[PDB]
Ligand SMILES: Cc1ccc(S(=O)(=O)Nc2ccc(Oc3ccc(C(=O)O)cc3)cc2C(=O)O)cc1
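Starting off, we have a lone chain in the form solved without the ligand, written out as structure tokens.
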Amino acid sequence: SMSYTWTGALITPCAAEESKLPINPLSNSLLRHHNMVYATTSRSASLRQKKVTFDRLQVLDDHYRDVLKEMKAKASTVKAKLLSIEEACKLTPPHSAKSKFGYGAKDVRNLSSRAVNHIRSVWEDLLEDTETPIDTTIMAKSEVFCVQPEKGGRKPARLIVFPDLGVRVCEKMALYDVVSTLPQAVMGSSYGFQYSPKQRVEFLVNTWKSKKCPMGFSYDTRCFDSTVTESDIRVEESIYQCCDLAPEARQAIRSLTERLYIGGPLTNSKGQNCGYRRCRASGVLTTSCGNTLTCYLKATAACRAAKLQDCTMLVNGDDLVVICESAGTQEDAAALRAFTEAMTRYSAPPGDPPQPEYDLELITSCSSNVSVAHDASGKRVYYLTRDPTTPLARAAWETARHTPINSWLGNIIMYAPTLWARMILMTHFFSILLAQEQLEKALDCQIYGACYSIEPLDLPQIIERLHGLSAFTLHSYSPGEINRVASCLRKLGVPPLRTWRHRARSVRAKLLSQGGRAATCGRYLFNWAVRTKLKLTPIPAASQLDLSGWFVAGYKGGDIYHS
């Protein structure tokens, strides 16, 4: 069937859309080539619509059915709980999109009578009506990027599709426990969202070293959400139904599957009918779990079709990396083509054709790659890094324009050991918080799709527990990483590293001048900036903070707020 059908009504914005950095940047200090930065808007919606609209032809074989049965047997060990209205309400982010029924996220979190009474009626309606498609809103997503190195090369807006707030709270009641527990039960160590960055690199490095002769590849499915078929979504449900479930949870899942997950009408921000979806909606609770299960099922079956040997996969939503035993350069390239042909039959054709890779450091998955540096004792440390271009572009945007979600904080947390996060991101934002005395103020950021409210003065503890003490002492970065960063700073017009070393000293000195958590930030976060390096010992606070559910599951698109 067609992934989408369109009526002609436009994807419209809800308010003014900004597409460029403000006229005189609030921090030309970070980035000088302001014209390189842009944000996507609804103006490019039709370009995205063209890419994402096509007929899916899916052919399932015995390998697919075999793997599905294996997955179901593991799912059948799961017992899932229904969430109470109160528990589900508390998972709603404070700035979640308001309901058309006259209440908003604040009312949901406060358990207001209007909100709670509507949510209860939405729940009963899932039991009373098993078929009527549930309405969804379609919008163009606002995301900031740096322009392609081809003069005028811009990505079009992604299209987000989500149901009303009342429905989203009902999804949590029925499915939050399922999507939080089932993927690991089914996929075991292949489930990527159970790992912190440090644990992910460890799993990757250990997997690499376990092969007599390792070969690895990432597989990029073209527009994964659009490739998800009605069959795939019902197969996903068939896995959920293997859980022990409350009767109303079973029904809610059955109704949500047929009324929302498999497809439905698309309404624009003006309330006009835009058309019809028959693929994955980006903005429902099951999107991350569903994509991960579907990708894992198709890829695992595809490895079997391709006769890849000793495959170990790591799956994060639509992101896939596999490491296996090599059969020779020639036989690998052939196997990889067979794998791609199998994935294509399963309705997951590639964007960029995959390439066998015989150096772990050259594989990028989840936009990231493994690289190597050295700690104080000169011991080899592996860490995850990425090209810093998008993080820096978004940092510049967030410095110049007010933003609800602070991607720079998420990046500092997730990439704390990197050369660019330590020298640029940390230096830049700590100077800003220092100047405005906003240091103590908690900020919103996302980790694996879930929203968290985090105090920047807690970064030392967070980083140590997540990445290890070596995150504060890494030196001797790889030539490839140094050159990638240098090239990035050239392109964006970011001042040279040596310069950041200077600003850092000033910041470090000011932080120490304050004492307390501020002083701890000075000592640990900026020890790279001095030669007379303060000896760094494990912080007392590291081990005694609530980092429980930070790396349990993926929640991208699921409207989840943690703590």
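Start at 1 and count along the sequence shown; that's the residue number.
There is another form of this protein, the form deposited with the ligand bound, and it is not shown here; the text below is about that form.
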Only one of these stretches, 534 to 542, 508 to 516, 66 to 74, 491 to 499, has heavy atoms within 4.5 Å of the ligand in the entry with it bound; which one is it?
491 to 499
Please determine whether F54 contacts the ligand in the entry with it bound, using a 4.5 Å cut-off between heavy atoms.
no
Check whether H475 has any heavy atom within 4.5 Å of a heavy atom of the ligand in the entry with it bound, and answer yes or no.
yes
I'd like to check something about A435: if you look in the entry with it bound, is any of its heavy atoms closer than or equal to 4.5 Å to a heavy atom of the ligand?
no
Answer for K298 alone: is it within 4.5 Å of the ligand in the entry with it bound, judged on heavy atom distances?
no
Contact test, all of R422, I482 and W528, partner the ligand in the entry with it bound, heavy atom 4.5 Å:
yes
Please pick, from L127, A246, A486, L111, the one residue with any non-hydrogen atom lying within 4.5 angstroms of the ligand in the entry with it bound.
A486
